[PDB]
Amino acid sequence: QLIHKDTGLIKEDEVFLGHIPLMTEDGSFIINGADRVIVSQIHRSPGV
Amino acid sequence: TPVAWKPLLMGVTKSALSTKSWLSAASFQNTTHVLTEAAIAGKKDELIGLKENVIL
Amino acid sequence: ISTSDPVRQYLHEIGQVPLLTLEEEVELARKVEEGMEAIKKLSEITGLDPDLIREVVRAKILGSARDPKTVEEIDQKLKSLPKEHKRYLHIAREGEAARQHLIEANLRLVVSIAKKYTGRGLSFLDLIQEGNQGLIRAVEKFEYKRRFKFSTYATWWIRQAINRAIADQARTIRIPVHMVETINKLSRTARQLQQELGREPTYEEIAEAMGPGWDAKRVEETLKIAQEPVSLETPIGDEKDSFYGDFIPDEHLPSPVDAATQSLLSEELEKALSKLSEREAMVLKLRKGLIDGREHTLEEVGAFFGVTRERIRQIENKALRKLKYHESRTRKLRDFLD
Amino acid sequence: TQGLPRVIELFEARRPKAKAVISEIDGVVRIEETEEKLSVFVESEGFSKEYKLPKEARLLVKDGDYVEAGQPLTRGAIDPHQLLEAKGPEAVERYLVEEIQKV
Amino acid sequence: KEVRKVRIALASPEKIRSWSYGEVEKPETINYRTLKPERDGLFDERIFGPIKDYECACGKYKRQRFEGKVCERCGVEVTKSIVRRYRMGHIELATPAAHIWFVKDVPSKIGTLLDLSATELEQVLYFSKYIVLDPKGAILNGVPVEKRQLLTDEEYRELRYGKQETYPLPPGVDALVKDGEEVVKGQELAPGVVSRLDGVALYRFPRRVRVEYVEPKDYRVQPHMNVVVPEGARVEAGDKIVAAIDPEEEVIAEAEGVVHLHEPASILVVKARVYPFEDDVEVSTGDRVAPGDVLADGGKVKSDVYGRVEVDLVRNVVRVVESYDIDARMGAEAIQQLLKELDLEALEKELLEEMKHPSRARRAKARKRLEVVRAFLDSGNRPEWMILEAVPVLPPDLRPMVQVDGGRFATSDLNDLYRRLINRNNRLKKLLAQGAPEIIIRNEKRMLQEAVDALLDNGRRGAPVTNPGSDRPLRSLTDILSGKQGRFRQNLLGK
Amino acid sequence: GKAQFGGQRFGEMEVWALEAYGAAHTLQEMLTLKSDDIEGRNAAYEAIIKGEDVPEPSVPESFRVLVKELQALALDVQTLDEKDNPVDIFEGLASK
Amino acid sequence: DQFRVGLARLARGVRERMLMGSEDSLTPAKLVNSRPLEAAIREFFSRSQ
DNA sequence: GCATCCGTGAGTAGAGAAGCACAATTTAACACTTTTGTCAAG
DNA sequence: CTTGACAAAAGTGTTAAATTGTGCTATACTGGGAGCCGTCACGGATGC
Ligand SMILES: [Zn+2]
């Protein structure tokens, strides 16, 4: 929604943001027709 | 009067980088440093060792 | 002020010139126009090139920090004029100096404009310098008589210079502006169709939205043209040890096999031509170019042996027939053509 | 100090982290241990050299022993450059070959 | 004969031009449609050679016996296409650029010769500080300027152009001082502001004009208006006082009177000497004069101080802003002149004297300089060759642009590095031709130096140059030769 | 790579092995005749298919690339003879 | 994380289109260009280690 | 003497986001003789 | 062996459309952007 703070008018529409790759049942992706796995990454946890 | 000198000891890396032939020194490490000093001095590699002749 | 960051260094330098007030802007703009008119008045009287005086006047304003003999000679020639004429030289000097200060005080305008064109193939400093070229042209074409602010007119020239430079310098293989804007329009049209369709538009759908004179064939050809070249140093794999150039074979230099079969063909042809006569073999060698490398026309061949054009055709064709007979009996040249 | 790193620092003529202390001249060592610090004096005919060894220094020489120039007063890896200036080219070459062989 | 020795030495600008078969003037590589090399580009056949053996670009010649012939139409030599692996081009730089190897390879060879530190060399080469070549009798802070002295931008502007500052006034007030009043430090120009420098104070834009006719009349001056007469001028009835775009707004005098300017927009205090004149002027705005130089009255009026002349056509006076014609320059061009004027034989003698100094550190430092000095003397190399005037261009076959079997083109990073240099060098030539201000020229020259550095050694100084759409640094000439993936260890020591 | 029908990599350590063996001519073939001596590799193949022994090898093309790339760095690299006279390894193809 | 990066790039392009003006007939579809978000997502699933 | 930032180096294979106006230059479609190429005459 | 004869094949001079290069838009707009640091020891210089 686009809001005009001065006028006070709201314009609402659904915009197409693209395509989200979908994970298959077994837990992989098909990227450009090729099966791919996103490997989990380990790193230092945030904090103090 | 003869030149008075004292012996020096350097590691293999420093000894290899101070060789007369600039081709073998440049092909080892510090290529920018080796070529910079060789070009200014106008060094002439006499192709004594093996690496120089391999390159050519 | 930054030894490392050039952008920060440039911003510091342009920050040392204060922004012009409206009164200061009008005064400088008036001087540039009066100086330009004064140079025109000087040239009509002194008789030399109007642009020649501008270079000489600008050289004095720029100073020794920026041919030297002819500039000084023209400078003395201008000063030899009477009092009324030397007045025009005075406005010319002040007009050129006002132009220098007017450009310097608007270097903040170009940076604000240029930062909106980043990520289009040119670095930020490249955008600023191109915008500076547009700013310089804006000063020359600006008219203060119209009472408009300088930034209103200058923004048009700063945007144009940056836009032109992107269309001319952002691609390794340069594409003309008329085709760059075609590519930009096609990309915009495809983007707008995607949001309406919820998917990648087809070439027919893009062509229909472009308008008359556009079909799917033209859209595909334009998109093929817009393809940027790929780097030979693009890494392959997780380690920077394999690159695209390592997998591209050279197809220009003949291979050792190709070079060898060329030599074998030459030695077989030279033995096949040995069975011919002396002049008869030389005719084929000169006709086909086996000596010089170019086909020699019948008239050129005829001049060498002192014969008419149709004479060669008799000996050239009869030599051809006998080589066919020899080949059928020996079978030594068939495999060299497949 | 052990294995491949020991070989590398010998071939690179690198100064050891826990370098030993060698006598610069020959003479007779004279130990003076106190509750505060340690100081070893190599007394000669007319020379009195000084070395301020730390408290936790494993000395390999006792009082009265005659030491040569370049001999290690304390245990540990000898700095090859110090040995060169103390005893000469032949000593350091002999030292380098033996130490590399030990590994 | 048999190859027995390989010699490496610096290449002079003359030697680089002797290598090149032509100057690469355009950043173009190939036509996008015909896929043929563009003229004067990085792949031009007239410079580097024909694409295919014994065939010119236009196609007039297609025979081997034309070997050694240059086509009159296309200008391409009829020879083997393999010359495109060997024939080099060159780029004629608008301004000299330093070779980054002789700048950043610690210790700097240029800095060692010139007795400049790494920081000092960086400031001069990349246009942060000026280095003095000829003081021309300049004095800074009471100390005369010396050769090789480093000047900041502010210090250079004070010496080159003078010292001045404008003091804005609060809206609606009047200045206490009058036009052309010799104010001093701390003297109040207006109730709310004081002059931070001593000099001559002059009104910039008088908002109100008071004419006392021979009865005062207060007018208003619009921001688009300009007063044509000075303060105290004798204006005859009807003469123009304040100019305007439209003649209706023109403020002409009703009768004869004296103009009194009031309500200045700001006061400009400039450290200048004013010489009133009555006759014509022998100089003009921008001229530089020394003490004793005649200014306007054919000898009667002469300058008594160093400065730059600005003639005033309304105040009828000549103001000489106290400044010096100091020759201080930035960039590699300043560094090149220092190495050109450096006498190696004299420097060697001076360094030998410093070798006798009892300090070990000074002897060690002098030995480092003498080793570089003796290297130039023994080899015959000329120290200013470390600054490039002509940039060699690698043969196109060693930086190929090839069409892959798929149809897309593949090219080396050097072409992008070369195009950036050509674009910046060509733009500097146009900026210089247009008489652009020094700030624009300085930025372009600094960009030119960085473009040269990226071509030779990308990432050595500053942020590495990357192609748009990726963070991958472009592979420079240094990167091609050095490292495990470099030419030595990947293609020469093993194959 | 097998997919590109490529040759085997004869790296520095393999070069070291031939040097330690004293196999100078075996080393020189791999450096020139079998890798990048364009004239040599063409003449080697032609000689072998004729039943002849391969000719004397010539300068590798990678050294020519090295010299040209060094010139691109504004470095004057020249091959000299016994008498210090310049020797052209480019067959007169790069001399104006 | 890569979705957020692309969305931040998309948000930046929305601001500049808001700076351009033409607010009389500005719609959210016109302000939003999804390509920066699609490119970041495509880059993650194709060229990420 | 010492402390610090910079620059150097760290195994080998293989296998993988502007638009328009107008001028200026180039391309391509024409016509044209011009020149081969040739097929019959002695 | 010449010498005519042909129909191309090739060269060539115009002319047109297609392509390419250049200039110009007048409310006012005047200092950026992305990073953002888990390795190690080694010289070598460069100044406190
Ligand atoms: Zn031609």
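Values below: every heavy atom of this structure, side chains too, minus hydrogens, waters and symmetry copies. To find a chain, count down the sequence lines: A is the first, B the second, and so on, and within it residues start at 1.
Proximity to chain B (any heavy atom under 4.5 Å) is restricted, for E:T478, to the side chain, taken from C-beta onward. With a threshold of 4.5 angstrom between heavy atoms, E:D378 does not approach chain B through any atom at all. Using a 4.5 Å cut-off between heavy atoms, E:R489 contacts chain B through its side chain alone, with no backbone atom that close.
Between the E:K5 side chain and the B:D45 main chain, no donor and acceptor come within less than 3.5 Å of each other.
With no hydrogens or angles considered, no side-chain donor-acceptor pair links E:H90 and E:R17 at under 3.5 Å. Side-chain polar atoms of E:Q336 and E:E389 form a donor-acceptor pair below 3.5 angstrom.
Counting heavy-atom pairs under 4.5 Å between each of B:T31, B:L56, B:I40, B:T36 and chain E puts B:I40 at the top. Per-residue heavy-atom pair counts under 4.5 Å with chain E were compared for B:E46, B:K51, B:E52, and the maximum is reached by B:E46.
Minimum interatomic distance between E:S476 and E:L417 (heavy atoms only, all atoms of both residues): CA-CD1, 3.8 Å.
Because its NZ or CZ atom is both nearer than 6.0 Å to the ring centre of E:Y126 and within 45° of the ring axis, E:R461 counts as a cation-pi partner of that residue.
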